[PDB]
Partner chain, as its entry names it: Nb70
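In structure tokens, the next block holds one chain alone, the form solved without its partner chain.
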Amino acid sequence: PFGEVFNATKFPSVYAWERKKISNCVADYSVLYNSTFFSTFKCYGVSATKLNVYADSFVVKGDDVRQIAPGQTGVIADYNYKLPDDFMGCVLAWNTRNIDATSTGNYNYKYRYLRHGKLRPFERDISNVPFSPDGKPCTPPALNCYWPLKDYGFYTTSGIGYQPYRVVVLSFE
């Protein structure tokens, strides 16, 4: 039931990433071994088989993919999706310019740029409350009040590190 994750017509935004539970299954993984159609494939664990899982789907900017790994710096890894320090399986990613990007500009995809504190590993946040750097309610127009969720803006002409990349994170337990 993997080809049902990478191959899903649509993918979520990082701030609202999708977890799919996979149990009582058998998969060969070789559907994943046999791929040049794949730009990133770091597996912080192994690369063998036990014919036995959690897939995390979402989209990011090229240069944002480097944060889907442990110990990573910020913004995406900080306020969206924080991978656990040791605890790990695989991180898979692939360029999608023709799919999630358009010459006219495509902004469906969101990400949280502001927040009060880092997410714990696998934490989530769907919240949408006007943010202020010293707590306090917010009501923009008002100043120093911003909306946490900003749009990516995926143009088909942009640099690689600015093109959409669909990313799937497999975890084991």
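Residue numbers count along the first chain shown, from 1.
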| item | value |
| --- | --- |
| Missing residues, deposited sequence, between residue 127 and residue 128 (class: none, 1 to 3, 4 to 9, 10 or more) | none |
| Mean C-alpha B-factor comparison - 21-29 and 152-160, higher one | 21-29 |
| Higher-scoring stretch by recorded Cα B factor average, 38-46 or 105-113 | 38-46 |
| Selection by C-alpha B-factor (highest) of 69, 55, 119, 51 | 51 |
| Residue 64, C-alpha B-factor rank within chain (lowest, middle or highest third) | lowest |
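Same protein, other form: the form solved in complex with its partner chain, not shown, and the subject of what follows.
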| query | finding |
| --- | --- |
| Residues in 33-47 close to its partner chain in the deposited bound form, defined by a heavy atom within 4.5 Å, in order | 33, 36, 38, 41, 42, 43, 44, 45, 46, 47 |
